[PDB]
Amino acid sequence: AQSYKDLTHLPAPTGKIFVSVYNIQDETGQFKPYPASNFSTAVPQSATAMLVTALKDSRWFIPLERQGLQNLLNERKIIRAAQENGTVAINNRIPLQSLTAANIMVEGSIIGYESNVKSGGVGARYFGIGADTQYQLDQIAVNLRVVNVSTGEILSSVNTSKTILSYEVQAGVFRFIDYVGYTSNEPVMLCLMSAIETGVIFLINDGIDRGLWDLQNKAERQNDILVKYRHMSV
């Protein structure tokens, strides 16, 4: 997808930013219609994992684990129990630091989702397909927030929407366009990822502008990708 390429070729910052990752909540309230199970969610429930990946892939952030904090704490208990008596095989000693802290924490909401099946119309032209074949429209809105831990104020809050027309051309292969491409992943997931990745870039952009963080070369503020995504926020 284009978002992944843009995300992976940003200009570099002075240094990577520590950030603690809390959840991206699904707040659409939406599930699939008949004949799905009543319990089948309309959107994957994996936004947080995607965010962690998107933050790392940006080359701008060091994500700190918080979802499984209790597990972390246990493991550290077990380490301490294994070395407090000074008998542990030295090749097996694990030096413990204090957990890395962060001044900002990142959180989010999937704020909306719409999906409908369509045929012909504008989609059929851009795809180069028959005016009777049925395609899909998937739209997701994501909100990402960065909170200041020192004060509890919101440092940054971007909103992204991605809308994707798609249709199956081969078993398990989809052609799609971002309001032209090939994808092997489900359209709805491509949408969720693309929205989250874009959100991270929006995030990085907003932070540069507000002096939360700066680029290695301030000259690189006018990088093609950065202005591309800066303009997607009007």
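Position 1 is the first residue in the sequence shown; the rest follow in order.
- Unmodelled residues of the deposited sequence between neighbouring positions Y179 and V180 number 4 to 9.
- Stretch comparison (196-204 versus 66-74) by mean CA B-factor in the PDB entry places 196-204 on top.
- For the two regions 133-141 and 151-159, the entry's Cα B-factors average higher over 133-141.
- Residue-level inspection of the entry shows that, of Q97, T87, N103, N91, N91 has the top Cα B-factor.
- Ranked within its chain, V19 lands in the middle third, by CA B factor from the PDB record.
- In this PDB entry, the Cα temperature factor of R175 sits in the top third of its chain's modelled residues, the highest group.
- In the PDB entry, a CA B factor belonging to the middle third of its chain's modelled residues is recorded for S58.
- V169: CA B factor lies in the highest third for its chain, per the PDB record.
- Sorting the modelled residues of the chain by their CA temperature factor places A81 in the lowest third.
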